[PDB]
>>> print(open('upload.cif').read())   # mmCIF, N, CA and C atoms
data_target
loop_
_atom_site.label_atom_id
_atom_site.label_comp_id
_atom_site.auth_asym_id
_atom_site.auth_seq_id
_atom_site.Cartn_x
_atom_site.Cartn_y
_atom_site.Cartn_z
N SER E 22 2.03 8.53 -28.90
CA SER E 22 1.37 7.64 -29.87
C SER E 22 -0.13 7.69 -29.72
N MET E 23 -0.83 7.38 -30.80
CA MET E 23 -2.27 7.32 -30.75
C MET E 23 -2.74 6.14 -29.90
N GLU E 24 -2.00 5.02 -29.88
CA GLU E 24 -2.34 3.84 -29.04
C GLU E 24 -2.37 4.23 -27.53
N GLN E 25 -1.32 4.94 -27.08
CA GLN E 25 -1.24 5.50 -25.73
C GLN E 25 -2.43 6.39 -25.38
N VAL E 26 -2.69 7.38 -26.22
CA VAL E 26 -3.93 8.17 -26.12
C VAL E 26 -5.26 7.39 -25.97
N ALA E 27 -5.47 6.37 -26.81
CA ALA E 27 -6.72 5.58 -26.72
C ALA E 27 -6.83 4.83 -25.37
N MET E 28 -5.72 4.40 -24.82
CA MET E 28 -5.65 3.73 -23.52
C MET E 28 -6.00 4.70 -22.43
N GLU E 29 -5.52 5.93 -22.62
CA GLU E 29 -5.82 7.04 -21.69
C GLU E 29 -7.28 7.45 -21.70
N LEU E 30 -7.89 7.39 -22.87
CA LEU E 30 -9.31 7.64 -23.00
C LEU E 30 -10.12 6.55 -22.28
N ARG E 31 -9.71 5.29 -22.40
CA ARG E 31 -10.35 4.17 -21.67
C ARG E 31 -10.20 4.33 -20.14
N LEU E 32 -9.02 4.70 -19.65
CA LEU E 32 -8.77 4.96 -18.22
C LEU E 32 -9.65 6.06 -17.70
N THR E 33 -9.77 7.11 -18.50
CA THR E 33 -10.66 8.22 -18.15
C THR E 33 -12.12 7.82 -18.11
N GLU E 34 -12.56 7.04 -19.07
CA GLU E 34 -13.95 6.59 -19.02
C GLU E 34 -14.20 5.61 -17.85
N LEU E 35 -13.23 4.78 -17.53
CA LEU E 35 -13.36 3.92 -16.36
C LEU E 35 -13.48 4.80 -15.12
N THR E 36 -12.68 5.87 -15.06
CA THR E 36 -12.70 6.79 -13.95
C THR E 36 -14.04 7.43 -13.76
N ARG E 37 -14.69 7.87 -14.86
CA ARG E 37 -16.04 8.44 -14.78
C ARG E 37 -17.07 7.44 -14.23
N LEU E 38 -17.04 6.23 -14.71
CA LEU E 38 -17.98 5.22 -14.24
C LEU E 38 -17.71 4.93 -12.72
N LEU E 39 -16.45 4.78 -12.33
CA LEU E 39 -16.09 4.52 -10.94
C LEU E 39 -16.47 5.67 -9.99
N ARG E 40 -16.40 6.90 -10.47
CA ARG E 40 -16.89 8.01 -9.69
C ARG E 40 -18.39 7.91 -9.38
N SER E 41 -19.18 7.47 -10.36
CA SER E 41 -20.59 7.30 -10.14
C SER E 41 -20.87 6.03 -9.26
N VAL E 42 -20.08 4.97 -9.46
CA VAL E 42 -20.20 3.80 -8.63
C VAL E 42 -19.94 4.24 -7.18
N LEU E 43 -18.92 5.08 -6.96
CA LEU E 43 -18.53 5.51 -5.63
C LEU E 43 -19.59 6.36 -4.98
N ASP E 44 -20.19 7.27 -5.73
CA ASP E 44 -21.30 8.10 -5.17
C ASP E 44 -22.50 7.29 -4.78
N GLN E 45 -22.83 6.29 -5.58
CA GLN E 45 -23.87 5.37 -5.27
C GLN E 45 -23.57 4.51 -4.05
N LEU E 46 -22.30 4.12 -3.88
CA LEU E 46 -21.93 3.28 -2.73
C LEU E 46 -21.98 4.12 -1.47
N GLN E 47 -21.50 5.34 -1.60
CA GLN E 47 -21.45 6.19 -0.47
C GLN E 47 -22.84 6.62 0.04
N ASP E 48 -23.85 6.63 -0.83
CA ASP E 48 -25.21 6.96 -0.40
C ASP E 48 -25.76 5.89 0.47
N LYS E 49 -25.20 4.67 0.37
CA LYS E 49 -25.59 3.61 1.24
C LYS E 49 -25.00 3.71 2.65
N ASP E 50 -24.37 4.84 2.94
CA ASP E 50 -23.68 5.15 4.22
C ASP E 50 -24.14 6.49 4.68
N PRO E 51 -25.47 6.68 4.86
CA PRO E 51 -25.96 8.06 5.18
C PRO E 51 -25.37 8.66 6.48
N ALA E 52 -25.11 7.77 7.43
CA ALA E 52 -24.45 8.14 8.69
C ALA E 52 -23.00 8.60 8.57
N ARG E 53 -22.37 8.36 7.40
CA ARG E 53 -20.99 8.74 7.15
C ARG E 53 -19.96 8.07 8.08
N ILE E 54 -20.24 6.84 8.46
CA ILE E 54 -19.31 6.05 9.26
C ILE E 54 -18.00 5.75 8.52
N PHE E 55 -18.10 5.56 7.20
CA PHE E 55 -16.93 5.23 6.33
C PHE E 55 -16.34 6.35 5.46
N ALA E 56 -16.78 7.59 5.73
CA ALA E 56 -16.40 8.77 4.94
C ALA E 56 -14.96 9.13 5.02
N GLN E 57 -14.34 8.92 6.17
CA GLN E 57 -12.99 9.41 6.41
C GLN E 57 -12.15 8.33 7.07
N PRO E 58 -10.82 8.38 6.95
CA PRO E 58 -10.03 7.43 7.71
C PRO E 58 -10.29 7.40 9.22
N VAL E 59 -10.10 6.23 9.79
CA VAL E 59 -10.12 6.10 11.24
C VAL E 59 -8.98 7.01 11.79
N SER E 60 -9.32 7.82 12.79
CA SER E 60 -8.31 8.70 13.42
C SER E 60 -7.33 7.98 14.36
N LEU E 61 -6.03 8.09 14.12
CA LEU E 61 -5.05 7.48 15.05
C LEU E 61 -4.96 8.23 16.35
N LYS E 62 -5.40 9.47 16.37
CA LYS E 62 -5.59 10.18 17.61
C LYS E 62 -6.72 9.52 18.47
N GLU E 63 -7.83 9.10 17.90
CA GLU E 63 -8.97 8.53 18.69
C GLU E 63 -9.06 6.96 18.81
N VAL E 64 -8.27 6.26 17.99
CA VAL E 64 -8.09 4.81 18.09
C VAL E 64 -6.61 4.63 17.93
N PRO E 65 -5.86 4.92 19.02
CA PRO E 65 -4.39 4.93 18.86
C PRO E 65 -3.83 3.55 18.52
N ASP E 66 -4.53 2.51 18.94
CA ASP E 66 -4.10 1.11 18.66
C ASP E 66 -4.53 0.58 17.25
N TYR E 67 -5.11 1.45 16.40
CA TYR E 67 -5.85 0.93 15.22
C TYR E 67 -4.96 0.11 14.32
N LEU E 68 -3.74 0.60 14.10
CA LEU E 68 -2.84 -0.06 13.18
C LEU E 68 -2.23 -1.38 13.73
N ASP E 69 -2.35 -1.65 15.02
CA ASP E 69 -1.98 -2.95 15.55
C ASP E 69 -3.03 -3.99 15.12
N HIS E 70 -4.27 -3.54 14.90
CA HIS E 70 -5.40 -4.39 14.50
C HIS E 70 -5.57 -4.53 13.02
N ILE E 71 -5.53 -3.42 12.32
CA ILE E 71 -5.89 -3.35 10.92
C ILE E 71 -4.66 -2.92 10.11
N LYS E 72 -4.22 -3.82 9.24
CA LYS E 72 -3.01 -3.58 8.43
C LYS E 72 -3.16 -2.68 7.20
N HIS E 73 -4.32 -2.74 6.54
CA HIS E 73 -4.61 -1.84 5.41
C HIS E 73 -5.95 -1.07 5.62
N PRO E 74 -5.93 0.05 6.35
CA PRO E 74 -7.10 0.95 6.49
C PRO E 74 -7.57 1.50 5.14
N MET E 75 -8.87 1.68 5.04
CA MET E 75 -9.46 2.22 3.86
C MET E 75 -10.71 2.98 4.28
N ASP E 76 -11.07 3.95 3.46
CA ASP E 76 -12.24 4.80 3.68
C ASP E 76 -12.59 5.48 2.33
N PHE E 77 -13.74 6.13 2.25
CA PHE E 77 -14.24 6.67 1.01
C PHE E 77 -13.43 7.87 0.54
N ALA E 78 -12.93 8.70 1.45
CA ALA E 78 -12.11 9.84 1.01
C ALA E 78 -10.79 9.41 0.37
N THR E 79 -10.18 8.37 0.92
CA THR E 79 -8.95 7.85 0.40
C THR E 79 -9.23 7.23 -0.99
N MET E 80 -10.36 6.53 -1.14
CA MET E 80 -10.76 6.00 -2.43
C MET E 80 -10.93 7.15 -3.45
N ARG E 81 -11.61 8.21 -3.01
CA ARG E 81 -11.86 9.35 -3.85
C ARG E 81 -10.54 10.03 -4.29
N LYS E 82 -9.55 10.14 -3.41
CA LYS E 82 -8.26 10.68 -3.80
C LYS E 82 -7.62 9.81 -4.90
N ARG E 83 -7.60 8.49 -4.68
CA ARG E 83 -7.03 7.59 -5.66
C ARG E 83 -7.72 7.68 -7.05
N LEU E 84 -9.05 7.80 -7.04
CA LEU E 84 -9.89 7.91 -8.21
C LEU E 84 -9.57 9.15 -9.00
N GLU E 85 -9.39 10.28 -8.33
CA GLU E 85 -9.16 11.54 -9.03
C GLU E 85 -7.75 11.70 -9.64
N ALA E 86 -6.78 10.93 -9.15
CA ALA E 86 -5.52 10.69 -9.82
C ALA E 86 -5.62 9.56 -10.86
N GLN E 87 -6.84 9.15 -11.24
CA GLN E 87 -7.04 7.95 -12.10
C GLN E 87 -6.20 6.78 -11.67
N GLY E 88 -6.21 6.47 -10.38
CA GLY E 88 -5.37 5.41 -9.81
C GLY E 88 -5.99 4.04 -9.79
N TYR E 89 -7.24 3.89 -10.27
CA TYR E 89 -7.82 2.54 -10.46
C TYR E 89 -7.75 2.09 -11.95
N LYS E 90 -6.98 1.05 -12.20
CA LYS E 90 -6.76 0.56 -13.59
C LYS E 90 -7.93 -0.28 -14.05
N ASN E 91 -8.63 -0.91 -13.09
CA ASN E 91 -9.79 -1.77 -13.39
C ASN E 91 -10.80 -1.80 -12.22
N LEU E 92 -11.95 -2.43 -12.43
CA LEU E 92 -12.98 -2.50 -11.38
C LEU E 92 -12.51 -3.37 -10.24
N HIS E 93 -11.75 -4.41 -10.55
CA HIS E 93 -11.24 -5.31 -9.51
C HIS E 93 -10.50 -4.55 -8.39
N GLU E 94 -9.65 -3.60 -8.77
CA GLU E 94 -8.86 -2.80 -7.83
C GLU E 94 -9.76 -1.95 -6.93
N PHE E 95 -10.75 -1.33 -7.54
CA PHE E 95 -11.70 -0.50 -6.84
C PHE E 95 -12.53 -1.34 -5.86
N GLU E 96 -13.01 -2.50 -6.29
CA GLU E 96 -13.72 -3.44 -5.40
C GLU E 96 -12.89 -3.94 -4.23
N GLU E 97 -11.62 -4.23 -4.48
CA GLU E 97 -10.69 -4.57 -3.39
C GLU E 97 -10.69 -3.51 -2.27
N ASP E 98 -10.62 -2.23 -2.65
CA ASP E 98 -10.61 -1.10 -1.68
C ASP E 98 -11.99 -0.99 -0.98
N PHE E 99 -13.08 -1.17 -1.73
CA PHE E 99 -14.41 -1.15 -1.10
C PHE E 99 -14.55 -2.29 -0.09
N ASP E 100 -14.13 -3.47 -0.50
CA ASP E 100 -14.13 -4.60 0.40
C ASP E 100 -13.28 -4.41 1.69
N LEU E 101 -12.13 -3.72 1.63
CA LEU E 101 -11.33 -3.41 2.78
C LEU E 101 -12.11 -2.58 3.75
N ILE E 102 -12.85 -1.57 3.25
CA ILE E 102 -13.70 -0.73 4.14
C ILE E 102 -14.64 -1.60 5.00
N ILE E 103 -15.29 -2.56 4.33
CA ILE E 103 -16.25 -3.41 4.97
C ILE E 103 -15.56 -4.39 5.90
N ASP E 104 -14.54 -5.02 5.35
CA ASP E 104 -13.93 -6.13 6.02
C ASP E 104 -13.18 -5.65 7.26
N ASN E 105 -12.54 -4.48 7.18
CA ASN E 105 -11.82 -3.88 8.30
C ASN E 105 -12.75 -3.61 9.47
N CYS E 106 -13.90 -3.05 9.13
CA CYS E 106 -14.88 -2.69 10.11
C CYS E 106 -15.45 -3.93 10.85
N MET E 107 -15.73 -4.97 10.10
CA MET E 107 -16.26 -6.20 10.66
C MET E 107 -15.28 -7.01 11.49
N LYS E 108 -13.98 -6.71 11.36
CA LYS E 108 -12.99 -7.33 12.18
C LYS E 108 -12.78 -6.52 13.47
N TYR E 109 -12.57 -5.22 13.32
CA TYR E 109 -12.31 -4.31 14.47
C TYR E 109 -13.50 -4.20 15.41
N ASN E 110 -14.71 -4.09 14.86
CA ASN E 110 -15.88 -3.91 15.68
C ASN E 110 -16.69 -5.21 15.91
N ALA E 111 -17.33 -5.31 17.07
CA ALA E 111 -18.11 -6.51 17.40
C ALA E 111 -19.43 -6.50 16.71
N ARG E 112 -19.98 -7.68 16.56
CA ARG E 112 -21.26 -7.90 15.89
C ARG E 112 -22.45 -7.08 16.40
N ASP E 113 -22.49 -6.84 17.71
CA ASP E 113 -23.57 -6.06 18.31
C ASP E 113 -23.41 -4.52 18.23
N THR E 114 -22.50 -4.00 17.39
CA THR E 114 -22.26 -2.54 17.37
C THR E 114 -22.89 -1.88 16.18
N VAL E 115 -23.18 -0.60 16.35
CA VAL E 115 -23.66 0.22 15.24
C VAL E 115 -22.67 0.21 14.01
N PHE E 116 -21.38 0.15 14.27
CA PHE E 116 -20.38 0.13 13.20
C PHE E 116 -20.46 -1.13 12.39
N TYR E 117 -20.47 -2.27 13.08
CA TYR E 117 -20.50 -3.59 12.36
C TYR E 117 -21.76 -3.64 11.52
N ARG E 118 -22.87 -3.19 12.09
CA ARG E 118 -24.12 -3.31 11.40
C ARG E 118 -24.23 -2.36 10.21
N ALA E 119 -23.62 -1.18 10.32
CA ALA E 119 -23.50 -0.28 9.16
C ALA E 119 -22.64 -0.92 8.02
N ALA E 120 -21.62 -1.73 8.37
CA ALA E 120 -20.81 -2.44 7.37
C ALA E 120 -21.63 -3.54 6.66
N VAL E 121 -22.39 -4.31 7.43
CA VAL E 121 -23.26 -5.32 6.85
C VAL E 121 -24.22 -4.68 5.83
N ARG E 122 -24.82 -3.57 6.19
CA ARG E 122 -25.76 -2.92 5.32
C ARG E 122 -25.16 -2.32 4.06
N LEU E 123 -23.95 -1.81 4.18
CA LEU E 123 -23.21 -1.24 3.04
C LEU E 123 -22.83 -2.34 2.07
N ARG E 124 -22.37 -3.46 2.62
CA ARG E 124 -22.04 -4.64 1.86
C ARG E 124 -23.25 -5.18 1.07
N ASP E 125 -24.37 -5.35 1.77
CA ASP E 125 -25.58 -5.90 1.13
C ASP E 125 -26.13 -5.05 0.00
N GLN E 126 -26.25 -3.77 0.29
CA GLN E 126 -26.68 -2.76 -0.65
C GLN E 126 -25.66 -2.44 -1.74
N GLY E 127 -24.39 -2.43 -1.37
CA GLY E 127 -23.34 -2.18 -2.33
C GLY E 127 -23.21 -3.29 -3.35
N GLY E 128 -23.44 -4.53 -2.90
CA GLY E 128 -23.49 -5.72 -3.78
C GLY E 128 -24.37 -5.57 -5.03
N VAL E 129 -25.51 -4.89 -4.89
CA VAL E 129 -26.46 -4.63 -5.99
C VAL E 129 -25.77 -3.76 -7.07
N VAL E 130 -25.19 -2.65 -6.60
CA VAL E 130 -24.56 -1.64 -7.44
C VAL E 130 -23.38 -2.25 -8.21
N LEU E 131 -22.55 -2.98 -7.50
CA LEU E 131 -21.37 -3.62 -8.07
C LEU E 131 -21.71 -4.75 -9.05
N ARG E 132 -22.85 -5.42 -8.85
CA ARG E 132 -23.28 -6.48 -9.73
C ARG E 132 -23.49 -5.92 -11.15
N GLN E 133 -24.05 -4.70 -11.24
CA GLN E 133 -24.35 -4.07 -12.51
C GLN E 133 -23.14 -3.30 -13.06
N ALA E 134 -22.42 -2.57 -12.19
CA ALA E 134 -21.14 -1.97 -12.58
C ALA E 134 -20.26 -2.98 -13.30
N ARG E 135 -20.20 -4.24 -12.85
CA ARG E 135 -19.34 -5.23 -13.47
C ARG E 135 -19.80 -5.51 -14.89
N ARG E 136 -21.11 -5.58 -15.09
CA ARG E 136 -21.70 -5.71 -16.42
C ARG E 136 -21.42 -4.45 -17.27
N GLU E 137 -21.53 -3.24 -16.70
CA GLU E 137 -21.25 -2.00 -17.48
C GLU E 137 -19.78 -1.86 -17.96
N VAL E 138 -18.84 -2.34 -17.14
CA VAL E 138 -17.39 -2.27 -17.43
C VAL E 138 -16.96 -3.30 -18.49
N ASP E 139 -17.52 -4.52 -18.39
CA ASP E 139 -17.51 -5.54 -19.46
C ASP E 139 -18.17 -5.02 -20.74
N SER E 140 -19.43 -4.59 -20.60
CA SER E 140 -20.30 -4.17 -21.71
C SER E 140 -19.71 -2.98 -22.49
N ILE E 141 -19.44 -1.86 -21.81
CA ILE E 141 -18.79 -0.69 -22.45
C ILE E 141 -17.27 -0.90 -22.71
N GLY E 142 -16.66 -1.89 -22.07
CA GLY E 142 -15.25 -2.23 -22.30
C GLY E 142 -14.35 -1.31 -21.54
#
>>> encode(input="upload.cif", output="structure tokens")
Amino acid sequence: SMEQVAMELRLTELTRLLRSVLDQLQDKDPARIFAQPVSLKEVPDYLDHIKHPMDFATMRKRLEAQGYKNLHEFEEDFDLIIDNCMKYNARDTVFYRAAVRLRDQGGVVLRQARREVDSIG
């Protein structure tokens, strides 16, 4: 149906915007602390601590299968990256502080992305 097609065109355009939102968020992580999943080989206890791991590569996989239906879903995954890190790592660590900075800076990008997704529909 043409209705199905138009919905698919909207999903695709959301996907394009989210790809750019993701590149912008990831630039706020020059150290690449959040680029890849936490290794279970190097933090064998990780899953006893953190129930839903998230990282930018996993987000990128989901994005390229057009797996985000809306901005809310994508923000949930970004927030897990931050929130997971701030729970697992202590306040005085380079990791925790990289999460604080990503959150603060990412907040700017997401404030406008939310307007663009509303605005462009």
>>> atom_distance(input="upload.cif", atom1="atom C of residue 24 (chain E)", atom2="CA of residue 85 (chain E)")
21.0 Å
>>> resolve_selection(input="upload.cif", expression="the PyMOL selection byres ((chain E and resi 35-39) around 8)", output="mmCIF file with N, CA and C atoms, in the frame of the given file")
data_model
loop_
_atom_site.group_PDB
_atom_site.id
_atom_site.type_symbol
_atom_site.label_atom_id
_atom_site.label_comp_id
_atom_site.auth_asym_id
_atom_site.auth_seq_id
_atom_site.Cartn_x
_atom_site.Cartn_y
_atom_site.Cartn_z
ATOM 1 N N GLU E 29 -5.520 5.930 -22.620
ATOM 2 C CA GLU E 29 -5.820 7.040 -21.690
ATOM 3 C C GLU E 29 -7.280 7.450 -21.700
ATOM 4 N N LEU E 30 -7.890 7.390 -22.870
ATOM 5 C CA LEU E 30 -9.310 7.640 -23.000
ATOM 6 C C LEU E 30 -10.120 6.550 -22.280
ATOM 7 N N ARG E 31 -9.710 5.290 -22.400
ATOM 8 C CA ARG E 31 -10.350 4.170 -21.670
ATOM 9 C C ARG E 31 -10.200 4.330 -20.140
ATOM 10 N N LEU E 32 -9.020 4.700 -19.650
ATOM 11 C CA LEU E 32 -8.770 4.960 -18.220
ATOM 12 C C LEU E 32 -9.650 6.060 -17.700
ATOM 13 N N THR E 33 -9.770 7.110 -18.500
ATOM 14 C CA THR E 33 -10.660 8.220 -18.150
ATOM 15 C C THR E 33 -12.120 7.820 -18.110
ATOM 16 N N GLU E 34 -12.560 7.040 -19.070
ATOM 17 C CA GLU E 34 -13.950 6.590 -19.020
ATOM 18 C C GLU E 34 -14.200 5.610 -17.850
ATOM 19 N N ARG E 40 -16.400 6.900 -10.470
ATOM 20 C CA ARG E 40 -16.890 8.010 -9.690
ATOM 21 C C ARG E 40 -18.390 7.910 -9.380
ATOM 22 N N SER E 41 -19.180 7.470 -10.360
ATOM 23 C CA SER E 41 -20.590 7.300 -10.140
ATOM 24 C C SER E 41 -20.870 6.030 -9.260
ATOM 25 N N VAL E 42 -20.080 4.970 -9.460
ATOM 26 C CA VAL E 42 -20.200 3.800 -8.630
ATOM 27 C C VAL E 42 -19.940 4.240 -7.180
ATOM 28 N N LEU E 43 -18.920 5.080 -6.960
ATOM 29 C CA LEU E 43 -18.530 5.510 -5.630
ATOM 30 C C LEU E 43 -19.590 6.360 -4.980
ATOM 31 N N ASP E 44 -20.190 7.270 -5.730
ATOM 32 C CA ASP E 44 -21.300 8.100 -5.170
ATOM 33 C C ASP E 44 -22.500 7.290 -4.780
ATOM 34 N N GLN E 45 -22.830 6.290 -5.580
ATOM 35 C CA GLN E 45 -23.870 5.370 -5.270
ATOM 36 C C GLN E 45 -23.570 4.510 -4.050
ATOM 37 N N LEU E 84 -9.050 7.800 -7.040
ATOM 38 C CA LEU E 84 -9.890 7.910 -8.210
ATOM 39 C C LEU E 84 -9.570 9.150 -9.000
ATOM 40 N N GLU E 85 -9.390 10.280 -8.330
ATOM 41 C CA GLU E 85 -9.160 11.540 -9.030
ATOM 42 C C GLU E 85 -7.750 11.700 -9.640
ATOM 43 N N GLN E 87 -6.840 9.150 -11.240
ATOM 44 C CA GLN E 87 -7.040 7.950 -12.100
ATOM 45 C C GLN E 87 -6.200 6.780 -11.670
ATOM 46 N N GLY E 88 -6.210 6.470 -10.380
ATOM 47 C CA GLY E 88 -5.370 5.410 -9.810
ATOM 48 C C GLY E 88 -5.990 4.040 -9.790
ATOM 49 N N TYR E 89 -7.240 3.890 -10.270
ATOM 50 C CA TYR E 89 -7.820 2.540 -10.460
ATOM 51 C C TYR E 89 -7.750 2.090 -11.950
ATOM 52 N N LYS E 90 -6.980 1.050 -12.200
ATOM 53 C CA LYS E 90 -6.760 0.560 -13.590
ATOM 54 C C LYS E 90 -7.930 -0.280 -14.050
ATOM 55 N N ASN E 91 -8.630 -0.910 -13.090
ATOM 56 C CA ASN E 91 -9.790 -1.770 -13.390
ATOM 57 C C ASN E 91 -10.800 -1.800 -12.220
ATOM 58 N N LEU E 92 -11.950 -2.430 -12.430
ATOM 59 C CA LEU E 92 -12.980 -2.500 -11.380
ATOM 60 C C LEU E 92 -12.510 -3.370 -10.240
ATOM 61 N N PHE E 95 -10.750 -1.330 -7.540
ATOM 62 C CA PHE E 95 -11.700 -0.500 -6.840
ATOM 63 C C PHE E 95 -12.530 -1.340 -5.860
ATOM 64 N N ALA E 134 -22.420 -2.570 -12.190
ATOM 65 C CA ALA E 134 -21.140 -1.970 -12.580
ATOM 66 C C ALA E 134 -20.260 -2.980 -13.300
ATOM 67 N N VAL E 138 -18.840 -2.340 -17.140
ATOM 68 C CA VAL E 138 -17.390 -2.270 -17.430
ATOM 69 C C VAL E 138 -16.960 -3.300 -18.490
ATOM 70 N N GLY E 142 -16.660 -1.890 -22.070
ATOM 71 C CA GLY E 142 -15.250 -2.230 -22.300
ATOM 72 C C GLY E 142 -14.350 -1.310 -21.540
#
>>> atom_distance(input="upload.cif", atom1="atom C of residue 137 (chain E)", atom2="atom N of residue 77 (chain E)")
22.6 Å
>>> atom_distance(input="upload.cif", atom1="atom C of residue 79 (chain E)", atom2="atom C of residue 49 (chain E)")
16.6 Å
>>> resolve_selection(input="upload.cif", expression="the PyMOL selection byres (((chain E and resi 103-112 and name CA) around 10) and name CA)", output="ChimeraX atom specification")
/E:54-55,67,70-76,98-102,113-124
